[PDB]
Structure formats: structure tokens, C-alpha cells
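Novice: Pasting a structure here, questions to come.
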Amino acid sequence: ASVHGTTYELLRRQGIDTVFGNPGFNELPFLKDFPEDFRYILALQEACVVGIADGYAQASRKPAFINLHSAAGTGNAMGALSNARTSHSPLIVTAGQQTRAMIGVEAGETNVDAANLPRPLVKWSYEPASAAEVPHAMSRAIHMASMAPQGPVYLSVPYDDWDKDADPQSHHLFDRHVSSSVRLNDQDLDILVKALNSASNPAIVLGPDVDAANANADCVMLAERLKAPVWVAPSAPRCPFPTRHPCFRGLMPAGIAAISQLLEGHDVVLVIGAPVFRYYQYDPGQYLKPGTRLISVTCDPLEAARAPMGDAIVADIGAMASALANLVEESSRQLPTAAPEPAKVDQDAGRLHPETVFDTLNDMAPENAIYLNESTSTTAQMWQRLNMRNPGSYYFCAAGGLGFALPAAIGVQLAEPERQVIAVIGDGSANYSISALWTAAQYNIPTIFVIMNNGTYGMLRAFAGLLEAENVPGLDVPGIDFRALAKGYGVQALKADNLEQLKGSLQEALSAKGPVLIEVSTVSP
Ligand SMILES: Cc1ncc(C[n+]2csc(CCOP(=O)(O)OP(=O)(O)O)c2C)c(N)n1
Ligand SMILES: [Mg+2]
């Protein structure tokens with residue numbers, strides 16, 4: 001009968017059993033009487049709350065539910081919501097509002113013009129006009145988050161609403177099923193399949209929505225049937241393909257001219273689940289060389305509209321990948337040759353080269369490990385050196401916003417308790433969401449954090465070189481003791497100053513029953 005009771009019934013009926021949150025005054029009437037079939041995951045700062053929720057939703061491929069405090073709690077999470085937008089993460093962000101009777105006077109903790117604060121990062125944002133409509137607004141939020149293209153949504157709820165009577169008609173919300181598992185009509189799909197079958201030198205480019213859809217295995221069958229090389233689209237937030245499969249060609253360069261040069265000679269380039277393209281450095285040139293046609297399958301109208309070249313189909317990635325994989329003819333061409341083994345770099349018995357750490361991780365980690373990357377200057381080496389053969393094995397801040405991997409690795413590990421999660425994070429990136437470590441300690445979530453400590457924002461110094469930007473301040477972060485910080489939050493703390501210490505401490509961390517942070521001294525660039 002109460003809005004509180006009806007809303008938790010709607011959540012449980014829609015598959016939700018976990019609330020990620022940091023509490024406040026406005027949220028106490030929502031969180032009180034907390035149901036025994038739900039669990040509450042506390043984090044100490046809201047960027048950490050949302051990052052944990054985000055990794056959990058991406059790994060579990062289902063929506064995550066979040067409860068923050070009013071404007072200041074929502075505002076603390078806006079960086080994390082920037083990443084969630086670009087990863088298409090289905091996050092239901094709720095926040096408590098002041099009692100309806102004092103919103104106009106703007107009492108303390110009032111979220112002023114609340115629906116505008118999340119924008120423009122969310123796909124829907126709303127504050128209900130009455131308590132009895134809160135379950136309906138929750139239902140809208142749940143489905144807006146889950147419908148393709150998935151993404152974060154925001155709901156602001158005045159705290160006096162929870163005790164009020166819910167609309168009796170709200171029960172019709174509980175079991176609603178909304179599908180967007182759609183694909184191109186048969187006639188046009190046959191034209192596309194005919195164009196793929198008849199390409200003499202096709203190429204495939206895969207983006208994060210493939211891994212989100214668990215379309216990986218169908219994309220493998222597609223690449224094998226067309227005998228086609230496979231790249232992952234630049235600035236990759238996820239891994240959509242086994243990285244040691246013979247077709248895999250790794251991470252594309254993030255420049256306009258670099259990409260059209262690599263494409264040159266491929267007559268049909270099929271892009272699935274990816275923006276066209278997430279360029280980074282400005283590398284002006286031709287978008288495509290003559291003789292290359294590009295076709296993009298995307299779950300997101302905005303991606304289809306913003307591409308500067310190619311044709312596009314707006315459809316569900318799982319349904320389209322499955323349909324294409326089963327319809328294309330087996331080409332008589334020879335399968336592409338696997339990329340060469342990465343080489344061992346020179347390693348003396350002191351500070352570690354990043355290449356060495358990736359090679360050791362690849363040797364020792366389980367074959368179904370899950371990795372997260374926030375070591376920004378070593379991303380290329382990481383993609384070359386980690387054999388990720390299974391789906392959901394890689395996460396990287398989708399919008400480039402640091403502060404994702406440390407909390408996200410906790411959420412992934414929570415969602416996949418049978419797969420060892422290993423977050424490789426630079427010493428600069430580690431600080432943005434450092435307090436997330438406490439959640440791993442308190443809930444005994446056994447994520448492994450590998451801190452790559454070279455004392456500087458290495459990626460920025462390299463980019464500065466690219467931009468001929470000299471005498472830039474703020475690029476060095478000396479004087480951080482990551483073992484002490486780990487201890488501060490109750491997380492076991494190891495160090496690795498050479499290769500033998502690295503091997504030993506990783507093997508310890510694998511066997512450890514709790515979370516473990518390993519501080520690795522890496523070479524300064
Ligand atoms: C929230 C946020 N603030 C700042 C940046 C800019 N940024 C991009 S890479 C980087 C350096 C990260 O340093 P570290 O994690 O130590 O790795 P390294 O580059 O040395 O491998 C910074 C500050 C960003 N992307 N996001
Ligand atoms: Mg660094």
C-alpha cells in the first residue's frame with residue numbers, strides 16, 4: 001500500500017536485489033525498513049558508489065540501482081556518469097529530495113531544478129509531481145535505462161513520498177517486459193549479407209556494445225566465415241573478441257588518417273557495436289580512402305547520426321550479430337594469420353617495464369581473469385600482451401574519465417565471484433576514487449589492484465610531446481605511499497620492486513582470500 005512497499009516490490013519484480021549507495025537525510029525514509037531480500041553496498045564517496053554499480057552492471061549485463069544524496073551526492077557522481085553514458089551502462093540513479101513542503105523555500109539539502117543537474121549525461125531525468133506516481137516514475141526509469149541504447153537515468157524523490165499511499169493501479173507496473181531485441185528486416189538484411197558475401201577483402205571493426213550484448217562468439221563465427229581481419233575500435237571500453245584468435249588485429253589507432261590508411265584496400269568495412277569512430281588525437285586526412293565502403297551496425301541513433309562516413313543500421317547488437325553470423329557464406333579465402341607473439345623487452349633486476357608486468361600477468365593469471373585498465377600510458381602494451389580469450393574480460397573508462405577502474409573492479413568482482421578480477425591502475429589514476437578500496441575490504445570482495453607507480457601522469461607528458469606543449473605544470477605526482485593508503489582502508493598491501501617480487505606477490509594475491517593491493521615500481525617515461 002505504501003510507495004515504499006510498492007517501489008521495492010517493483011524493483012524485486014524487475015530483477016533488482018542490490019542497492020549501491022551513500023546515505024543522507026533525504027534518503028532515510030527510502031532506506032528504512034530495508035527488505036531482507038535486498039543488499040546495500042556502501043561506498044564512501046559517490047564517484048565510488050556509481051563506479052562500483054557501473055562495473056557490476058557491465059559485468060552482469062543487467063541494470064544496477066543506485067541511491068545518492070540530493071545535489072551534492074549526485075554532483076560527486078557526475079564524472080562517473082560521464083563514463084556510464086559512453087559505455088551505455090544501464091544505471092538507475094536515484095537521489096533523495098527535501099520534503100515537498102520545503103522545496104520552494106529551498107531548505108538545506110534541497111536539490112534545486114533537480115532534473116537538470118544530471119543532464120546532459122543521462123538518457124532520462126525526472127522528479128515526480130506526486131508521491132502516488134513515484135512507482136510509475138521508477139518503472140519509466142528502469143525501462144529507460146534498459147532499452148537500447150542502454151544508459152544512465154536519474155530520478156529525484158522527495159523524502160515524504162515514501163510513506164504515502166501508492167496508486168492501487170501501480171501493480172500493473174510490476175511484470176512489464178519491454179523488448180528492443182530487434183534486427184534489420186529480411187529484405188534489407190539479405191542485401192547486406194549479399195554485400196558481405198561478395199566483398200573481396202572485407203574487414204570487421206568491433207566496439208564495446210558487442211561485449212555488452214555477449215555477441216562475441218557470433219562475431220567470431222562471422223569473422224571466420226568471411227575470413228576477415230578484426231580490429232577493436234579506438235578508445236575501447238571493453239574487449240569484444242578473443243585477443244589471440246588468428247583474425248584479431250588489436251586496437252585501432254585513434255586518428256582519422258591513421259584509420260583510413262589501415263582500412264585502405266579493404267572494399268567493405270563492417271563496424272559492429274561501436275561509434276564511427278572514437279578518434280582522440282587530431283590526425284586530419286581522409287575519413288576513408290577510395291574503394292573502401294563502410295557499414296555500421298549500432299545500437300545508438302546518436303552514433304549513426306554523428307558518423308562522418310558510411311551507411312548505418314540502428315538495431316540490437318546481439319540480434320544482428322547472430323543473424324549475420326548464421327547467414328553469411330563460408331568464404332574460400334584463407335584465414336588471416338595470427339599476430340606475432342609480443343617480444344620480451346630487456347629487464348634488469350630493478351624497476352619494472354610495463355611490458356614485463358603484462359607478460360607476467362599473462363603467464364600467471366587464470367585463463368578467465370577479468371582485467372581493468374586505468375594505466376593510461378600502457379594501454380597499447382596491455383592489449384598486445386594479455387591473452388583475453390573470453391567475454392567480459394576487459395574494462396576501461398569509456399569516456400576517458402579517471403576514477404573508474406578502482407571502484408568498477410570491485411563491482412565486476414561482486415558480479416563475477418568465480419572469475420579473478422585484476423585492476424592495473426597508474427599511480428595518478430589510483431587517487432581519484434581511492435576510497436573505493438574500503439568497500440572491497442568491508443564486503444570482502446577479493447579484487448586485486450596492481451598499482452603501476454612511475455611517479456607521473458605519463459600519458460599527459462607523451463601527449464604534451466605530441467602537441468609540442470612545454471612547461472606544463474601539474475604533471476608529476478611524487479610522494480604517494482600506496483601501501484599506506486591500502487592499509488588506511490583495510491586492504492592487504494604488497495610491493496613489487498623487481499621481477500622476482502612481482503612474481504611472488506601476484507601468486508600471493510591470487511591465493512589471498514581478501515582484496516590485495518600490490519604497489520609496483522615501474523620505469524619513469
Ligand atoms: C577525471 C579526469 N581528470 C583528469 C584526466 C586527464 N588524464 C588523462 S591520463 C592522466 C594521467 C593518468 O596517470 P597514471 O594513472 O599515473 O598513468 P600513466 O599515464 O603514467 O600510465 C590524466 C590526469 C582525466 N582523463 N580524467
Ligand atoms: Mg603514472
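Quick note on naming: the chains in the C-alpha cells go A, B, ... in the order shown, residues restart at 1 in each chain, and ligands are numbered from 1 in order of appearance.
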Got a sec: who's within 9 Å of residue 494 of chain A, counting only C-alpha atoms, leaving out chain neighbours fewer than 3 positions off, as a PyMOL selection string?
Specialist: chain A and resi 483+505+509+516-520
Novice: Hey, what's within 7 Å of segment 369-381 of chain A if we count only C-alpha atoms and toss same-chain stuff fewer than 5 positions away? As number ranges by chain, please?
Specialist: A: 354-355, 392-396, 405, 409, 419-426, 429, 452, 458-459
Novice: Pick out the closest residue to ligand 1 from this set: A:388, A:173, A:382, A:16. Count only C-alpha atoms and all ligand atoms.
Specialist: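 The shortest atom-to-atom distance to ligand 1 comes from A:382.
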Novice: Residues within 10 Å of ligand 1, counting only C-alpha atoms and all ligand atoms: report them as number ranges by chain.
Specialist: A: 79-80, 82-83, 354, 373-379, 397, 399-404, 424-433, 451-463, 474-477, 522-525
Novice: Generate the output file for the selected residues, C-alpha atoms, as an mmCIF file, in the first residue's frame.
Specialist:
```cif
data_model
loop_
_atom_site.group_PDB
_atom_site.id
_atom_site.type_symbol
_atom_site.label_atom_id
_atom_site.label_comp_id
_atom_site.auth_asym_id
_atom_site.auth_seq_id
_atom_site.Cartn_x
_atom_site.Cartn_y
_atom_site.Cartn_z
ATOM 1 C CA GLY A 79 32.313 12.221 -13.535
ATOM 2 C CA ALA A 80 31.339 8.563 -13.153
ATOM 3 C CA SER A 82 30.175 10.677 -17.891
ATOM 4 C CA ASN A 83 31.807 7.254 -18.320
ATOM 5 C CA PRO A 354 55.215 -2.259 -18.071
ATOM 6 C CA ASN A 373 42.825 -0.717 -17.146
ATOM 7 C CA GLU A 374 43.420 2.695 -15.739
ATOM 8 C CA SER A 375 47.182 2.789 -16.508
ATOM 9 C CA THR A 376 46.854 5.301 -19.274
ATOM 10 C CA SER A 377 50.284 5.242 -20.859
ATOM 11 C CA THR A 378 50.491 1.415 -21.080
ATOM 12 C CA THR A 379 47.209 0.592 -22.826
ATOM 13 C CA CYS A 397 36.850 4.158 -18.628
ATOM 14 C CA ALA A 399 34.692 8.466 -21.620
ATOM 15 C CA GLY A 400 38.340 8.614 -20.524
ATOM 16 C CA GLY A 401 37.339 9.771 -17.034
ATOM 17 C CA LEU A 402 39.795 8.600 -14.442
ATOM 18 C CA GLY A 403 38.380 7.196 -11.213
ATOM 19 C CA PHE A 404 36.503 4.330 -12.928
ATOM 20 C CA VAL A 424 46.006 -2.407 -13.367
ATOM 21 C CA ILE A 425 45.978 1.242 -12.412
ATOM 22 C CA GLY A 426 48.560 4.016 -12.644
ATOM 23 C CA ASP A 427 49.665 5.927 -9.563
ATOM 24 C CA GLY A 428 47.925 9.099 -10.831
ATOM 25 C CA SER A 429 44.584 7.401 -11.649
ATOM 26 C CA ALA A 430 44.559 5.476 -8.345
ATOM 27 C CA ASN A 431 43.776 8.625 -6.326
ATOM 28 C CA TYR A 432 40.554 9.790 -7.967
ATOM 29 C CA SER A 433 38.474 7.038 -6.331
ATOM 30 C CA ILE A 451 49.331 -0.027 -8.934
ATOM 31 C CA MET A 452 51.842 0.969 -11.658
ATOM 32 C CA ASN A 453 53.916 3.632 -9.889
ATOM 33 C CA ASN A 454 56.201 5.708 -12.132
ATOM 34 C CA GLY A 455 55.569 8.970 -10.238
ATOM 35 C CA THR A 456 53.947 10.908 -13.066
ATOM 36 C CA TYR A 457 50.958 11.429 -15.346
ATOM 37 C CA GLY A 458 52.910 9.638 -18.096
ATOM 38 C CA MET A 459 50.218 9.749 -20.794
ATOM 39 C CA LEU A 460 49.950 13.560 -20.404
ATOM 40 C CA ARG A 461 53.742 14.026 -20.850
ATOM 41 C CA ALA A 462 53.630 11.907 -24.046
ATOM 42 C CA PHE A 463 50.622 13.905 -25.377
ATOM 43 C CA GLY A 474 50.988 19.604 -12.671
ATOM 44 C CA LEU A 475 52.270 16.506 -14.464
ATOM 45 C CA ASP A 476 54.136 14.799 -11.568
ATOM 46 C CA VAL A 477 52.657 13.072 -8.516
ATOM 47 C CA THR A 522 57.711 0.913 -12.837
ATOM 48 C CA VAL A 523 60.163 2.811 -15.037
ATOM 49 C CA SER A 524 59.665 6.547 -15.398
ATOM 50 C CA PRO A 525 58.946 7.639 -19.040
#
```
Novice: Write out as an NGL selection string which residues come within 12 Å of residue 111 of chain A when counting only C-alpha atoms, dropping same-chain ones fewer than 3 positions away.
Specialist: :A and (26 or 68-75 or 95-100 or 102-108 or 114-118 or 127 or 155-159)
Novice: Check segment 255-363 of chain A with DSSP on the backbone and list each residue it calls strand (DSSP E or B), as a list in words.
Specialist: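 Selecting the strand (DSSP E or B) positions of segment 255-363 of chain A gives residues 268, 269, 270, 271, 272, 293, 294, 295, 296, 297, 298, 311, 312, 313, 314 and 352 of chain A.
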Novice: For residue 193 of chain A, which residue out of A:222, A:414, A:239, A:31 is the nearest one, using only C-alpha atoms?
Specialist: A:222
Novice: Between A:34, A:174, A:246, A:359, which one has atoms that come closest to residue 347 of chain A, using only C-alpha atoms?
Specialist: A:359
Novice: Using only C-alpha atoms, which protein or nucleic acid residues come within 12 Å of segment 196-198 of chain A? Drop anything in the same chain fewer than 6 positions from it, and give the result as number ranges by chain.
Specialist: A: 189-190, 204, 222-223, 225-228, 266-270, 293-295, 324-325, 327-333
Novice: Hey, what's within 9 Å of residue 320 of chain A if we count only C-alpha atoms and toss same-chain stuff fewer than 4 positions away? As a VMD selection string, please?
Specialist: chain A and resid 181 to 184 215 272 297 315 to 316 324 to 325
Novice: Would you please work out which residue, of A:112, A:252, A:259, A:480, is nearest to ligand 2 when using only C-alpha atoms and all ligand atoms?
Specialist: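 Closest to ligand 2 of all the choices is A:480.
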Novice: What is the distance between atom CA of residue 21 of chain A and atom CA of residue 43 of chain A, in Å to one decimal?
Specialist: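 Computing the Euclidean distance for atom CA of residue 21 of chain A and atom CA of residue 43 of chain A yields 6.5 Å.
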Novice: Given the choices A:251, A:50, A:1, A:232, which gets closest to residue 167 of chain A if the distance is worked out from only C-alpha atoms?
Specialist: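 Among A:251, A:50, A:1, A:232, it is A:1 that comes nearest to residue 167 of chain A.
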Novice: Step one, run DSSP on the backbone; step two, keep only residues of segment 170-249 of chain A assigned to alpha helix (DSSP H); then write them as a VMD selection string.
Specialist: chain A and resid 186 to 197 208 to 212 216 to 226
